[PDB]
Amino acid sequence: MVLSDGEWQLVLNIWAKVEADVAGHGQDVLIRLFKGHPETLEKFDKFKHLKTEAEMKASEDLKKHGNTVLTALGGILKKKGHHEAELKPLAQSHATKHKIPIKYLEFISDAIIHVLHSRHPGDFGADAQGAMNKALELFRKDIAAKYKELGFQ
């Protein structure tokens, strides 16, 4: 389920803009995730104390984790169609340690798309949106395959 060269270029072109403020994007993504799907917040022992959007926005640890998430995703995206090594430890920890259903990965994928549109209305047009959908679909597909191996799928 392979992206074209042009599709990868669109993905990484918008991603280079994310990289001007990775932590801010990452915090926005986690806030969108937690507000839209509160069950996801409950998987984070270290964030479940946050009861309001303002509290989420004020948390420096949440911002840091947002940076961690998007920096790791950036690493995956820059490997384009060959991200096996980067994806492996992530699937492993999310399956066995953090116990994160694939469905929650769908939720965060949608949150990323939402945030990219919110912050970049002009640059993140339909072509880039579609290419980013495909890149995040491939991410989910490959994680789900590792989950299946490990009996978490």
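Start at 1 and count along the sequence shown; that's the residue number.
Higher mean CA temperature factor, per the PDB entry, when comparing 90-98 with 25-33: 90-98. Higher average CA B factor: 121-129, of the stretches 108-116 and 121-129. Ranked by C-alpha B-factor against the other modelled residues of its chain, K63 falls in the lowest third.
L136 sits in the lowest third of its chain by CA B factor, as recorded in the PDB entry. The PDB entry assigns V11 a C-alpha temperature factor belonging to the lowest third of its chain's modelled residues.
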